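Asker: So that we are looking at the same thing, I have put the structure below in structure tokens.
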Amino acid sequence: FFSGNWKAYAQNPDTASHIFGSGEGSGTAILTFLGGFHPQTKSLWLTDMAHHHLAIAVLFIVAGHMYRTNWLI
Amino acid sequence: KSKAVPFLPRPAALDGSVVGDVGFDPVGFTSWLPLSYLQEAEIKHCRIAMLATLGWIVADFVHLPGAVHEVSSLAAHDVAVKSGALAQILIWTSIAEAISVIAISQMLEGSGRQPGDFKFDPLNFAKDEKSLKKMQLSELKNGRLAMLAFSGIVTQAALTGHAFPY
Amino acid sequence: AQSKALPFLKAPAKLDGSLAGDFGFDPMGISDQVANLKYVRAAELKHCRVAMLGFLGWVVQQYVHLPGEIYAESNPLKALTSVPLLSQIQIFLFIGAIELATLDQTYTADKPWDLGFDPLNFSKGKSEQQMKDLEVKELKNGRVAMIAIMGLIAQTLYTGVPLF
Amino acid sequence: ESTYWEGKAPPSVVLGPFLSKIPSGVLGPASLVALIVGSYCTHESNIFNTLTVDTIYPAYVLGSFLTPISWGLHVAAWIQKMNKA
Ligand code: CLA
Ligand SMILES: C/C(C=C=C1C(C)(C)C[C@H](O)C[C@@]1(C)O)=C/C=C/C(C)=C/C=C/C=C(C)/C=C/C=C(/C=C/[C@@]12O[C@]1(C)C[C@@H](O)CC2(C)C)CO
Ligand SMILES: CC(/C=C/C=C(C)/C=C/[C@@]12O[C@]1(C)C[C@@H](O)CC2(C)C)=C\C=C\C=C(C)\C=C\C=C(C)\C=C\[C@@]12O[C@]1(C)C[C@@H](O)CC2(C)C
């Protein structure tokens with residue numbers, strides 16, 4: 001994150017044989033684009049939703065500086 | 001009309017300031033921004049560049065009170081962000097700059113704070129207005145020279161690998 | 001200009017004169033929202049006192065322990081879990097008993113931090129200047145302790161060394 | 001103040017006290033340059049070269065952000081031009 005090598009958080013995502021709640025077939029990534037659903041739970045990837053909320057957080061924090069307050073801008 | 005550029009006319013916003021007003025603004029940046037904000041930015045750049053030039057030069061010559069400090073001020077950045085010193089300096093710099101927002105916002109709004117003024121004269125090197133103006137001009141000239149010098153130092157020390165001559 | 005702590009900023013309107021320890025330190029202008037400085041001073045002084053006691057307890061627990069085994073843990077954060085819940089609930093109930101009457105007191109009084117606590121009468125006979133000097137001493141020591149107790153907690157959570 | 005307007009163009013105060021003082025001859029070419037740069041950055045990050053995890057290029061991203069911006073710069077350029085600036 002500090003080094004800017006943000007791709008490292010997307011390397012080695014959860015495989016297609018991952019059993020939810022267990023380490024079998026898991027990965028190490030935390031923020032990924034995968035799209036679709038988990039092959040086992042038939043639901044969105046947890047790494048997809050974490051990345052989604054991080055992007056939403058950055059966007060809303062940026063957008064929260066729009067209106068004027070005690071600092072002239 | 002300008003003192004620095006005889007061809008181009010004198011900038012409209014530059015009439016007199018003890019910061020070294022020689023009327024050098026060919027692109028008219030003083031019309032864009034308030035002159036006070038630009039002066040604060042220039043003084044900040046001056047001080048940062050002077051500190052950085054002195055630190056680069058010294059740390060290449062005599063800087064090793066340990067093992068991780070055995071670098072050549074070109075690989076020093078990565079080594080010392082891994083060590084954790086740059087993190088602490090960044091924390092304190094962020095605190096100082098966050099305080100500086102209010103200082104910049106208290107000026108440009110009223111008050112009386114001159115650009116770049118932090119009331120930091122513990123040793124009282126400046127006594128009266130004449131000394132204050134003379135040393136403000138001296139500080140800004142030294143800071144501009146240090147900006148250019150540090151630019152040269154980094155560009156040369158990245159274009160090759162060497163010591164103080166670079 | 002008017003701030004002593006930040007000699008360049010001008011302090012906010014509510015930072016002036018009285019309420020000892022006033023060094024003009026409110027860059028964010030938090031005092032501009034509070035109706036008065038009574039409640040924030042009460043909170044600051046409560047934090048100062050709790051932090052002084054916390055630092056003293058940190059050091060003493062580092063060096064001195066009660067005869068029982070349950071109080072033999074040297075790490076204060078580990079002692080937070082090793083100590084039986086009975087002792088901690090007794091401490092919490094004592095604090096809450098002290099806190100409810102002062103809860104009635106703080107939100108309305110002119111000096112919410114003045115709890116009338118002076119068993120040794122260290123303030124009886126002292127002049128106004130001496131009393132203000134004592135208040136300044138208390139506030140200084142409390143702010144330093146707050147910084148120190150937070151540093152101790154952080155260094156214990158980050159390195160496991162409770163001291164030095 | 002009084003950002004309300006009914007004439008041909010709004011007063012320059014609606015641009016803020018940073019764009020209110022930029023000559024239109026500066027904003028115009030700057031807006032065109034920003035639009036071209038942003039379009040090229042968008043077409044280099046995507047379209048011409050397909051995006052990949054290993055190829056994000058903050059320059060192209062930051063660049064692409066100049067396309068939305070460009071819109072604002074040339075709107076301000078027109079406002080300045082119509083206000084004799
Ligand atoms: C619980 C903490 C606490 C609280 C409630 C106060 C409250 C107050 N302080 Mg105070 N102070 C504190 C801690 C605190 N202080 C510490 C630790 C220091 C030492 C640095 C000081 C130093 C100080 C000075 C020098 C002065 C005051 C003053 C004041 C009064 C006016 C400012 C105000 O309204 O801010 C209200 C403050 C809060 C509501 C706290 C908000 C919490 C912020 C967001 C802190 C965020 C964390 C912080 C950035 C980092 C902490 C982590 C770690 C590094 C410590 C007010 C009674 C001024 C005074 O006497 O006026 C009468 C004054 O001149 N304080
Ligand atoms: C203990 C230690 C290290 C070590 C050891 C041992 C125990 C000693 C020995 C062992 O053998 C090894 C080891 C590792 O353990 C000590 C570390 C060194 C320290 C403690 C020195 C810190 C350096 C300070 C710097 C480099 C700060 C730079 C200043 C800036 C200012 C920025 C400004 O922009 C701001 C924000 C406002 C502007 O207006 C103007 C200015 C002021 C210019 C940054 O630009
Ligand atoms: C306890 C204290 C004061 C206690 C006073 C009390 C109870 C007085 C009570 C009374 O007067 C009243 C109220 C009313 C009177 O009628 C009755 C009595 C009963 C007489 C002040 C502490 C004040 C404590 C202070 C100021 C502490 C500062 C601590 C620092 C700087 C520590 C730094 C470090 O801990 C770090 C940060 C990291 C470590 O690794 C390294 C080091 C260096 C150890």
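Ordering of the structure tokens sets the chain letters (A, B, ...); residue numbers start at 1 within each chain; ligands are numbered from 1 in the order shown.
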Which residues, written as a PyMOL selection string, have at least one atom at most 9 Å from residue 32 in chain D, with only C-alpha atoms counted and residues fewer than 3 positions away on the same chain left out?

Answerer: chain D and resi 27-29+35-37+70+73-74

Asker: How would the residues just chosen look if you wrote them out with N, CA and C atoms as an mmCIF file, in the first residue's frame?

Answerer:
```
data_model
loop_
_atom_site.group_PDB
_atom_site.id
_atom_site.type_symbol
_atom_site.label_atom_id
_atom_site.label_comp_id
_atom_site.auth_asym_id
_atom_site.auth_seq_id
_atom_site.Cartn_x
_atom_site.Cartn_y
_atom_site.Cartn_z
ATOM 1 N N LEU D 27 -7.289 29.846 -20.541
ATOM 2 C CA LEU D 27 -8.186 28.740 -20.221
ATOM 3 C C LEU D 27 -8.539 27.922 -21.457
ATOM 4 N N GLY D 28 -8.788 28.585 -22.585
ATOM 5 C CA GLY D 28 -9.201 27.909 -23.795
ATOM 6 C C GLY D 28 -8.210 26.864 -24.268
ATOM 7 N N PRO D 29 -7.009 27.307 -24.652
ATOM 8 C CA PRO D 29 -5.970 26.338 -25.034
ATOM 9 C C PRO D 29 -5.660 25.331 -23.943
ATOM 10 N N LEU D 35 -8.248 18.238 -22.564
ATOM 11 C CA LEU D 35 -9.152 17.277 -23.188
ATOM 12 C C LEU D 35 -8.390 16.281 -24.050
ATOM 13 N N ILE D 36 -7.441 16.768 -24.855
ATOM 14 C CA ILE D 36 -6.663 15.873 -25.708
ATOM 15 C C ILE D 36 -5.840 14.910 -24.861
ATOM 16 N N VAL D 37 -5.188 15.426 -23.815
ATOM 17 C CA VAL D 37 -4.357 14.589 -22.956
ATOM 18 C C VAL D 37 -5.204 13.536 -22.254
ATOM 19 N N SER D 70 -11.434 18.879 -18.181
ATOM 20 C CA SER D 70 -11.473 19.651 -19.419
ATOM 21 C C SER D 70 -12.828 20.308 -19.618
ATOM 22 N N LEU D 73 -12.952 23.353 -17.583
ATOM 23 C CA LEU D 73 -12.014 24.379 -18.011
ATOM 24 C C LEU D 73 -12.531 25.134 -19.223
ATOM 25 N N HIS D 74 -13.092 24.430 -20.209
ATOM 26 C CA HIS D 74 -13.569 25.181 -21.368
ATOM 27 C C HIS D 74 -14.884 25.889 -21.083
#
```

Asker: Please identify all protein, DNA and RNA residues within 9 Å of ligand 1, counting only C-alpha atoms and all ligand atoms, and report them as a PyMOL selection string.

Answerer: (chain B and resi 95) or (chain C and resi 3-5+11+14-34+37-48+139-140+142-151)

Asker: Go ahead and write the selection's residues with C-alpha atoms as a compact mmCIF listing (two decimals), in the first residue's frame.

Answerer:
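And here is the file that came out, selection_23.txt:
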```txt
# COMPACT_ATOMS: atom_id res chain seq x y z
CA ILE B 95 1.16 17.44 12.17
CA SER C 3 -1.82 31.88 21.04
CA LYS C 4 1.17 31.13 23.19
CA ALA C 5 1.35 27.61 22.02
CA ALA C 11 -6.65 32.12 19.41
CA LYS C 14 -13.43 31.84 24.11
CA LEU C 15 -9.73 31.32 24.94
CA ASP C 16 -8.82 34.34 27.06
CA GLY C 17 -7.57 35.27 30.50
CA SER C 18 -9.17 33.07 33.14
CA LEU C 19 -9.43 29.26 33.20
CA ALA C 20 -5.76 28.64 34.00
CA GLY C 21 -3.75 26.61 31.53
CA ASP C 22 -5.17 28.81 28.75
CA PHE C 23 -2.31 28.92 26.24
CA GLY C 24 -4.47 29.71 23.21
CA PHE C 25 -4.22 26.12 21.96
CA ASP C 26 -7.36 25.47 19.90
CA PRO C 27 -6.29 25.45 16.24
CA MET C 28 -9.37 23.49 15.13
CA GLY C 29 -11.72 25.94 16.86
CA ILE C 30 -13.51 23.30 18.92
CA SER C 31 -14.25 25.92 21.59
CA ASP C 32 -16.35 27.80 19.01
CA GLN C 33 -19.09 25.14 19.18
CA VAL C 34 -19.31 24.59 22.94
CA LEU C 37 -15.59 26.09 28.50
CA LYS C 38 -16.94 24.61 31.74
CA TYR C 39 -17.80 21.13 30.47
CA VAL C 40 -14.72 20.74 28.27
CA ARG C 41 -12.50 21.85 31.15
CA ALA C 42 -14.26 19.35 33.42
CA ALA C 43 -13.63 16.58 30.88
CA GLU C 44 -10.00 17.64 30.39
CA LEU C 45 -9.37 17.67 34.14
CA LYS C 46 -11.07 14.30 34.62
CA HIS C 47 -8.85 12.89 31.87
CA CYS C 48 -5.80 14.53 33.47
CA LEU C 139 -3.22 20.77 34.11
CA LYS C 140 0.36 20.55 32.88
CA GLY C 142 -2.19 15.87 33.53
CA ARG C 143 -1.57 16.65 29.87
CA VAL C 144 1.93 15.17 30.09
CA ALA C 145 0.51 12.06 31.80
CA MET C 146 -2.21 11.65 29.17
CA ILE C 147 0.44 11.70 26.46
CA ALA C 148 2.56 9.32 28.55
CA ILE C 149 -0.21 6.86 29.40
CA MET C 150 -1.29 6.69 25.76
CA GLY C 151 2.34 6.10 24.80
```

Asker: Could the residues that lie within 12 Å of ligand 3, counting only C-alpha atoms and all ligand atoms, be listed as an MDAnalysis selection string?

Answerer: chainID C and resid 45:60 62 113:124 134:135 137:156 158:164

Asker: Output C-alpha atoms for every residue in the selection just made, as an mmCIF file, in the first residue's frame.

Answerer:
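Dumped everything to result_11.cif:
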```cif
data_model
loop_
_atom_site.group_PDB
_atom_site.id
_atom_site.type_symbol
_atom_site.label_atom_id
_atom_site.label_comp_id
_atom_site.auth_asym_id
_atom_site.auth_seq_id
_atom_site.Cartn_x
_atom_site.Cartn_y
_atom_site.Cartn_z
ATOM 1 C CA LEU C 45 -9.369 17.665 34.141
ATOM 2 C CA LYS C 46 -11.067 14.295 34.621
ATOM 3 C CA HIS C 47 -8.852 12.894 31.870
ATOM 4 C CA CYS C 48 -5.803 14.525 33.468
ATOM 5 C CA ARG C 49 -6.524 12.991 36.875
ATOM 6 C CA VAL C 50 -7.360 9.549 35.471
ATOM 7 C CA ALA C 51 -4.188 9.628 33.365
ATOM 8 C CA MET C 52 -2.021 10.634 36.331
ATOM 9 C CA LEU C 53 -3.452 7.743 38.336
ATOM 10 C CA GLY C 54 -3.021 5.434 35.348
ATOM 11 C CA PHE C 55 0.645 6.316 34.872
ATOM 12 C CA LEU C 56 1.330 5.903 38.590
ATOM 13 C CA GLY C 57 -0.440 2.543 38.573
ATOM 14 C CA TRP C 58 1.443 1.465 35.454
ATOM 15 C CA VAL C 59 4.822 2.123 37.071
ATOM 16 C CA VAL C 60 3.877 0.691 40.473
ATOM 17 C CA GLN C 62 5.655 -2.729 36.981
ATOM 18 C CA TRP C 113 -14.340 20.058 37.899
ATOM 19 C CA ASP C 114 -14.555 21.366 41.489
ATOM 20 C CA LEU C 115 -15.705 18.197 43.237
ATOM 21 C CA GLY C 116 -14.916 19.568 46.693
ATOM 22 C CA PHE C 117 -12.085 17.048 47.102
ATOM 23 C CA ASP C 118 -9.466 18.460 49.468
ATOM 24 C CA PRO C 119 -9.126 16.153 52.504
ATOM 25 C CA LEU C 120 -5.681 17.506 53.445
ATOM 26 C CA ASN C 121 -6.760 21.154 52.940
ATOM 27 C CA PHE C 122 -3.881 21.988 50.605
ATOM 28 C CA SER C 123 -5.942 24.941 49.315
ATOM 29 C CA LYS C 124 -7.107 26.435 52.628
ATOM 30 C CA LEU C 134 -1.660 24.991 41.506
ATOM 31 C CA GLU C 135 -4.322 24.651 38.802
ATOM 32 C CA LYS C 137 0.568 22.632 37.690
ATOM 33 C CA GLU C 138 -2.283 20.119 37.737
ATOM 34 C CA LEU C 139 -3.217 20.773 34.111
ATOM 35 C CA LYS C 140 0.364 20.551 32.875
ATOM 36 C CA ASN C 141 1.096 17.343 34.734
ATOM 37 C CA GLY C 142 -2.188 15.869 33.532
ATOM 38 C CA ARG C 143 -1.566 16.654 29.871
ATOM 39 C CA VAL C 144 1.928 15.166 30.085
ATOM 40 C CA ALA C 145 0.515 12.065 31.800
ATOM 41 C CA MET C 146 -2.211 11.651 29.169
ATOM 42 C CA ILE C 147 0.444 11.704 26.461
ATOM 43 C CA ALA C 148 2.557 9.324 28.552
ATOM 44 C CA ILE C 149 -0.214 6.860 29.404
ATOM 45 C CA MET C 150 -1.290 6.694 25.761
ATOM 46 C CA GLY C 151 2.337 6.095 24.802
ATOM 47 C CA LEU C 152 2.653 3.315 27.372
ATOM 48 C CA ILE C 153 -0.525 1.634 26.118
ATOM 49 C CA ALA C 154 0.649 1.915 22.507
ATOM 50 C CA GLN C 155 4.125 0.543 23.232
ATOM 51 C CA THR C 156 2.674 -2.359 25.224
ATOM 52 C CA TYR C 158 2.949 -2.845 19.750
ATOM 53 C CA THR C 159 6.036 -4.383 21.397
ATOM 54 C CA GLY C 160 4.913 -6.107 24.608
ATOM 55 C CA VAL C 161 7.404 -4.124 26.716
ATOM 56 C CA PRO C 162 5.280 -2.288 29.331
ATOM 57 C CA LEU C 163 8.030 0.195 30.240
ATOM 58 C CA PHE C 164 11.151 1.568 28.523
#
```

Asker: Could you tell me how far CA of residue 44 in chain B sits from CA of residue 145 in chain B, in Å to one decimal place?

Answerer: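 A separation of 13.8 Å between them.
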
Asker: If we count only C-alpha atoms and set the cut-off at 7 Å, which residues sit around range 4-19 of chain A, ignoring sequence neighbours fewer than 4 positions away in its own chain? Please answer as JSON, numbers by chain.

Answerer: {"A": [24, 25, 26, 27, 28, 29, 30, 31, 32, 39, 40], "D": [53, 54]}

Asker: Step one, run DSSP on the backbone; step two, keep only residues of chain A assigned to alpha helix (DSSP H); then write them as a list in words.

Answerer: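 Matching residues for alpha helix (DSSP H) in chain A are residues 46, 47, 48, 49, 50, 51, 52, 53, 54, 55, 56, 57, 58, 59, 60, 61, 62 and 63 of chain A.
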
Asker: Emit the selected residues as a tab-separated table (two decimals), in the first residue's frame, including N, CA and C atoms.

Answerer:
```
chain	number	residue	atom	x	y	z
A	46	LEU	N	-15.89	-12.29	-1.27
A	46	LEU	CA	-15.60	-11.38	-0.16
A	46	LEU	C	-14.53	-10.37	-0.53
A	47	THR	N	-13.54	-10.80	-1.32
A	47	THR	CA	-12.53	-9.86	-1.79
A	47	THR	C	-13.12	-8.84	-2.77
A	48	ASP	N	-14.15	-9.23	-3.51
A	48	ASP	CA	-14.85	-8.26	-4.37
A	48	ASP	C	-15.52	-7.18	-3.54
A	49	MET	N	-16.20	-7.58	-2.45
A	49	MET	CA	-16.95	-6.62	-1.65
A	49	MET	C	-16.02	-5.71	-0.84
A	50	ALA	N	-14.89	-6.25	-0.37
A	50	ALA	CA	-13.92	-5.40	0.32
A	50	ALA	C	-13.36	-4.34	-0.62
A	51	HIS	N	-13.02	-4.73	-1.85
A	51	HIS	CA	-12.55	-3.76	-2.83
A	51	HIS	C	-13.64	-2.74	-3.15
A	52	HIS	N	-14.89	-3.21	-3.26
A	52	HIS	CA	-16.01	-2.31	-3.51
A	52	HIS	C	-16.13	-1.26	-2.42
A	53	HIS	N	-16.07	-1.69	-1.17
A	53	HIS	CA	-16.23	-0.75	-0.06
A	53	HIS	C	-15.03	0.17	0.06
A	54	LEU	N	-13.83	-0.31	-0.27
A	54	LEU	CA	-12.66	0.58	-0.27
A	54	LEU	C	-12.80	1.67	-1.33
A	55	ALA	N	-13.24	1.29	-2.53
A	55	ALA	CA	-13.45	2.29	-3.58
A	55	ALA	C	-14.53	3.28	-3.19
A	56	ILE	N	-15.63	2.79	-2.62
A	56	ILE	CA	-16.72	3.66	-2.18
A	56	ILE	C	-16.23	4.60	-1.08
A	57	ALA	N	-15.41	4.08	-0.16
A	57	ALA	CA	-14.87	4.90	0.91
A	57	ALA	C	-14.01	6.03	0.36
A	58	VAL	N	-13.10	5.70	-0.57
A	58	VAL	CA	-12.24	6.73	-1.14
A	58	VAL	C	-13.08	7.78	-1.86
A	59	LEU	N	-14.06	7.33	-2.65
A	59	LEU	CA	-14.88	8.26	-3.41
A	59	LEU	C	-15.67	9.18	-2.50
A	60	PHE	N	-16.26	8.64	-1.43
A	60	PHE	CA	-17.10	9.46	-0.56
A	60	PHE	C	-16.26	10.38	0.31
A	61	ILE	N	-15.09	9.93	0.76
A	61	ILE	CA	-14.19	10.81	1.50
A	61	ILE	C	-13.75	11.97	0.63
A	62	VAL	N	-13.45	11.70	-0.65
A	62	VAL	CA	-13.10	12.77	-1.57
A	62	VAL	C	-14.28	13.72	-1.75
A	63	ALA	N	-15.47	13.17	-1.97
A	63	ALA	CA	-16.65	14.00	-2.23
A	63	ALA	C	-17.11	14.77	-1.00
```

Asker: Can you tell me which residues surround range 25-34 of chain B at a distance of at most 12 Å, considering only C-alpha atoms, apart from same-chain residues fewer than 4 positions away, and format the answer as a VMD selection string?

Answerer: (chain B and resid 2 to 15 21 38 to 41 104 107 to 109 115) or (chain D and resid 16 to 23 26 to 27)

Asker: Pick out the residues no farther than 7 Å from ligand 2, counting only C-alpha atoms and all ligand atoms, and list them as a tab-separated table (two decimals) with N, CA and C atoms, in the first residue's frame.

Answerer:
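To be explicit, this is the file written out as part_15.tsv:
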```
chain	number	residue	atom	x	y	z
B	44	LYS	N	8.06	27.97	1.96
B	44	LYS	CA	8.07	26.56	2.34
B	44	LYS	C	9.02	25.77	1.46
B	47	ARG	N	12.72	26.62	2.42
B	47	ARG	CA	13.21	25.97	3.63
B	47	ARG	C	13.40	24.48	3.43
B	48	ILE	N	12.43	23.83	2.77
B	48	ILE	CA	12.54	22.39	2.52
B	48	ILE	C	13.77	22.10	1.66
B	51	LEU	N	17.11	22.58	3.69
B	51	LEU	CA	17.32	21.44	4.59
B	51	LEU	C	17.70	20.20	3.80
B	65	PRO	N	25.76	6.49	12.23
B	65	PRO	CA	25.69	6.12	13.65
B	65	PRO	C	24.97	4.80	13.86
B	66	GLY	N	25.30	3.81	13.04
B	66	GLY	CA	24.62	2.53	13.07
B	66	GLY	C	24.92	1.74	11.80
B	67	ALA	N	24.08	0.74	11.56
B	67	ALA	CA	24.24	-0.16	10.41
B	67	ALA	C	23.34	0.21	9.24
B	68	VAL	N	22.05	0.46	9.51
B	68	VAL	CA	21.11	0.80	8.44
B	68	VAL	C	21.40	2.15	7.81
B	85	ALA	N	12.26	5.42	10.00
B	85	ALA	CA	12.55	6.81	10.35
B	85	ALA	C	11.70	7.77	9.54
B	89	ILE	N	9.25	11.00	10.64
B	89	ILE	CA	9.42	12.35	10.11
B	89	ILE	C	8.16	12.77	9.37
B	93	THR	N	5.85	15.91	10.27
B	93	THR	CA	5.64	16.85	9.18
B	93	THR	C	4.15	17.03	8.89
B	94	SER	N	3.38	15.94	8.94
B	94	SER	CA	1.95	16.02	8.73
B	94	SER	C	1.27	16.82	9.83
B	96	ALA	N	2.70	19.24	11.58
B	96	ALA	CA	3.08	20.63	11.35
B	96	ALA	C	2.30	21.23	10.18
B	97	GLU	N	2.11	20.46	9.11
B	97	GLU	CA	1.41	20.97	7.94
B	97	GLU	C	-0.08	21.13	8.21
B	116	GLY	N	4.93	32.82	5.52
B	116	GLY	CA	6.11	32.14	6.00
B	116	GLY	C	6.50	32.45	7.42
```

Asker: Produce a table with one row for each residue of chain B that has an atom at most 10 Å from any atom of chain C, each row naming the nearest atom pair and its distance in Å at one decimal; use only C-alpha atoms; arrange rows by chain and rising residue number; format as JSON lines.

Answerer:
```
{"residue": "B:98", "atom": "CA", "partner": "C:27", "partner_atom": "CA", "distance": 9.6}
{"residue": "B:99", "atom": "CA", "partner": "C:27", "partner_atom": "CA", "distance": 7.0}
{"residue": "B:100", "atom": "CA", "partner": "C:9", "partner_atom": "CA", "distance": 9.4}
{"residue": "B:101", "atom": "CA", "partner": "C:27", "partner_atom": "CA", "distance": 9.6}
{"residue": "B:102", "atom": "CA", "partner": "C:27", "partner_atom": "CA", "distance": 6.7}
{"residue": "B:103", "atom": "CA", "partner": "C:9", "partner_atom": "CA", "distance": 5.9}
{"residue": "B:104", "atom": "CA", "partner": "C:9", "partner_atom": "CA", "distance": 9.3}
{"residue": "B:105", "atom": "CA", "partner": "C:9", "partner_atom": "CA", "distance": 9.6}
{"residue": "B:106", "atom": "CA", "partner": "C:9", "partner_atom": "CA", "distance": 6.8}
{"residue": "B:107", "atom": "CA", "partner": "C:9", "partner_atom": "CA", "distance": 9.0}
{"residue": "B:111", "atom": "CA", "partner": "C:10", "partner_atom": "CA", "distance": 7.3}
{"residue": "B:112", "atom": "CA", "partner": "C:1", "partner_atom": "CA", "distance": 8.1}
{"residue": "B:113", "atom": "CA", "partner": "C:8", "partner_atom": "CA", "distance": 6.7}
{"residue": "B:114", "atom": "CA", "partner": "C:8", "partner_atom": "CA", "distance": 9.4}
{"residue": "B:117", "atom": "CA", "partner": "C:8", "partner_atom": "CA", "distance": 7.2}
{"residue": "B:118", "atom": "CA", "partner": "C:8", "partner_atom": "CA", "distance": 5.3}
{"residue": "B:119", "atom": "CA", "partner": "C:7", "partner_atom": "CA", "distance": 6.0}
{"residue": "B:120", "atom": "CA", "partner": "C:7", "partner_atom": "CA", "distance": 8.4}
```

Asker: Using N, CA, C and O atoms, can you export the residues from the last selection as a short mmCIF file (atom, residue, chain, number, x, y, z; two decimals), in the first residue's frame?

Answerer:
```cif
data_model
loop_
_atom_site.label_atom_id
_atom_site.label_comp_id
_atom_site.auth_asym_id
_atom_site.auth_seq_id
_atom_site.Cartn_x
_atom_site.Cartn_y
_atom_site.Cartn_z
N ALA B 98 -0.67 20.21 8.97
CA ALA B 98 -2.07 20.34 9.35
C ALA B 98 -2.29 21.59 10.19
O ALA B 98 -3.30 22.28 10.05
N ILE B 99 -1.34 21.88 11.09
CA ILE B 99 -1.39 23.16 11.79
C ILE B 99 -1.21 24.31 10.81
O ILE B 99 -1.82 25.38 10.96
N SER B 100 -0.39 24.11 9.78
CA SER B 100 -0.10 25.16 8.81
C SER B 100 -1.31 25.50 7.94
O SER B 100 -1.35 26.61 7.39
N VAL B 101 -2.27 24.60 7.81
CA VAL B 101 -3.47 24.92 7.06
C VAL B 101 -4.18 26.08 7.75
O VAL B 101 -4.57 27.05 7.10
N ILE B 102 -4.34 25.98 9.06
CA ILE B 102 -5.00 27.03 9.83
C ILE B 102 -4.20 28.32 9.78
O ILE B 102 -4.76 29.41 9.70
N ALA B 103 -2.87 28.21 9.83
CA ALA B 103 -2.02 29.39 9.69
C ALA B 103 -2.22 30.05 8.33
O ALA B 103 -2.33 31.28 8.24
N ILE B 104 -2.26 29.25 7.27
CA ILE B 104 -2.54 29.80 5.94
C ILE B 104 -3.98 30.29 5.85
O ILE B 104 -4.26 31.28 5.16
N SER B 105 -4.91 29.63 6.53
CA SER B 105 -6.30 30.06 6.52
C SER B 105 -6.57 31.24 7.44
O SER B 105 -7.55 31.96 7.23
N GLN B 106 -5.74 31.45 8.47
CA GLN B 106 -5.93 32.63 9.31
C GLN B 106 -5.46 33.89 8.59
O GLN B 106 -6.09 34.95 8.71
N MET B 107 -4.35 33.80 7.86
CA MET B 107 -4.09 34.75 6.80
C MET B 107 -4.99 34.42 5.61
O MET B 107 -5.76 33.46 5.64
N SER B 111 -6.33 38.69 10.23
CA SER B 111 -5.19 38.53 11.13
C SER B 111 -4.06 39.45 10.67
O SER B 111 -4.29 40.48 10.05
N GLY B 112 -2.82 39.08 10.98
CA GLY B 112 -1.68 39.87 10.56
C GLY B 112 -0.46 39.04 10.21
O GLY B 112 0.64 39.58 10.04
N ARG B 113 -0.64 37.73 10.09
CA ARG B 113 0.49 36.83 9.87
C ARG B 113 1.07 37.05 8.48
O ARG B 113 0.38 36.88 7.47
N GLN B 114 2.35 37.42 8.42
CA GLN B 114 3.03 37.53 7.15
C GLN B 114 3.30 36.13 6.59
O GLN B 114 3.42 35.17 7.34
N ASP B 117 5.72 33.26 8.13
CA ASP B 117 6.05 33.66 9.50
C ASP B 117 5.46 32.65 10.47
O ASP B 117 4.25 32.38 10.45
N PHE B 118 6.31 32.08 11.32
CA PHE B 118 5.89 31.16 12.36
C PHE B 118 6.34 31.61 13.74
O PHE B 118 6.21 30.85 14.71
N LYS B 119 6.88 32.83 13.86
CA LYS B 119 7.36 33.38 15.13
C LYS B 119 8.41 32.47 15.76
O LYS B 119 8.49 32.33 16.98
N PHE B 120 9.24 31.85 14.92
CA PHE B 120 10.30 30.96 15.38
C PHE B 120 11.63 31.70 15.25
O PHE B 120 12.33 31.60 14.25
#
```

Asker: Rounded to one decimal in Å, what is the spacing between CA of residue 36 in chain B and CA of residue 20 in chain B?

Answerer: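 Between CA of residue 36 in chain B and CA of residue 20 in chain B the gap is 13.5 Å.
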